[PDB]
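Given next are two forms of a protein chain, the same chain in both, each as structure tokens and marked structure 1 or structure 2.
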Structure 1
């Protein structure tokens, strides 16, 4: 059994399978980490996910781990997690199944030119999905009540699925069927994801296991080749699977399920929280409505449920500081990411207050929700302030302080440094696009107090609400 040696952080006893475990027995991961801070100070070690994880919780020390460092491996743990949760052989190029640099693939196809086409495609897809079936106005005249999470889930999943994996236009009559099946199968697989990253076998979850494998079946190359308007990301990944890997057909299908998960698992809860917080807070709703109305006015874009679609420029979509602030403030409150790297050798990590001996293969982790909810940095941290990331000029605020010192890293739901989401710009675009179309197509009302976060997914990104909340919507801008 492991014993603390001199210079190593305080070592907590106990085995924690995963961060969101045991909520039914009264666990609370945020409060658990905060209790460890009070007990041990800003650095402490836990046995978590079968590793020894050093938590660095001083915001002033984040820069020392988020920089590139000779002793940091920022891919090892993620590679192992993917192989384990999705079921494929090692994608670590050291293990010889592939020579692809996947970071390079993502950056090339989610940023730059590729981001522009993705963004246009998402906007077309969102409009096809959110617009009512071309029929009488009486069909869409009344208020409709639905769970908001459930609504966001189906719109964003379908739009995101078709944007990333293209569309099958050979059989249009059955695509509602296939999408609903894919949607249901993804819900069932993602449900058990916290357990899978803990090392629990997917065999323990029969329906989830079946769902994962049916999803993989739909993403076999033979099936993707039937589709049109496929993202450059998946086109390239198909090509690099074929030319740079020795993966079998199923494993190639699994690599696309990985990307499906990556594109959906955070975006869906992010969209929910942004919509909810916007509707819940009258000032936010008012500010967002005016910003979007003005942008569409200035861009000469008419809103209609049928006919001409909205086409915004890349600058018009990016220069939406009120929507940006609403999204950032929604993620500040809901984000529960683990930012990780693995010690390449024994070394001493030099931080703000102290220096700490780290062993080879130990994990050095940040849990930035601790910073996001820190009242020293964000006064009234549990309050949604739609303008929290707006300065006096109504532009995006970038000045935040801890102990009077200006923070470089103050907002981290996408990570930072090398450990950062390559899809972040596309994510912000798709949420903005969703919000724009919601404000433009619908009148919107709640029926609802703010649900707590579901911490069973602690470490996996944006936390969903513990329970859905009902809202009502009604189409506007009819003929």
Structure 2
């Protein structure tokens, strides 16, 4: 076994060989870390699934970790996770299967100019899917899944302009595969889950280059990713298809619960709904956009979308409460980490992690942290508030659902645009209400801890009726 040495943080080895604290950590991730915070302070080491994870819990120490250091490796763990879960060979250039910098691929196609067409495509696709008036009762999460999945799929992978059952099949397959994702990350083989195994292979088949080339309006991302698969990799046809499944999962898995919580919190709070309705009404008027189901589709520019402070605040506050990401980096060699709490010795191949849900729900940073306050990221005038403090010091990192530094989601700008577009269209098309307005906020499904946004454990019913 491993023993704590000179300078090294307090070590918690756990009661199980290999797993260590994994079981206890999985049982209640936030309370497990909070209990270790009381027992060991802001810096402690946990043996998890064969690894030794140093947790940095002081929000004032996040900057020393999120920096581009010569001792950190921020790809090796992610690349391995992807390989195991999606069933492709190593995408690490050191392994010689590809020479592609996937980070460069994502930057080039999810940001800058590429973002314009991608944003424009999402708005067209959403409107295609969403367009005597009667009240339709449905599960809010079920609704958000239908709408966001189909729109997201068509925006990223283009349209087959030749078929409704096929969209429904991909939808169902994705639900079946995504259901066992926490187990796949843990190390359990997909073979063990027959339904999910078949689902993953069916998803992969439809994303083969031969099937993708037959589609209209493919994203610059996938068309670049196809080109680089052929030019810079030695992957087989199915492996190439599985690299597109990684991108499908990445574009859907966090957007769907993110969309649910934003929609839910906006309707649940009458104050948030009234403000958002007025903002969308104001924005559409100034852009000369008329909401008509039979006429021409609405068009909003990136500039118009980025100037929605109320919606931005609603999304940010929705993510603040539901984000459960695990910010990880690995030690390249043995070194000493210098933090506000002290100096700690870290060994080679050790993991240095952040669980920013500890910060998002910190009462010292966010007063009444478990309450949804729609204007939490707004000032007196109604402009985005970027100043948050912690024990007197102004915080550089205060909101991290997409991560930060080099370990940041490249799809963040698109993610916020597509949620905004869904909310704009939902407010413009329908009259919205809940089955039980005075019903409790659903508990977060903790089985998805470390994988991004936590979905609700149980779905909430809601009603919608198109406007005249």
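Positions refer to the first chain, counted from 1. We call the rigid core whatever largest set of C-alpha positions still superposes within 1.5 Å between the two forms.
Shown in the overlay between structures 1 and 2, fitted on the rigid core, is a CA shift at residue 469 smaller than 2 Å. With a cut-off of 2 Å and the rigid core superposed, residue 460 has a Cα displacement that falls short of the cut-off between structures 1 and 2. Structural comparison between structures 1 and 2 after rigid-core fitting shows the C-alpha of residue 50 displaced 2.9 Å. Relative displacement of the residue 306 Cα between structures 1 and 2 on rigid core alignment is 1.6 Å.
The rigid core superposition between structures 1 and 2 gives a CA shift for residue 431 of 0.1 Å.
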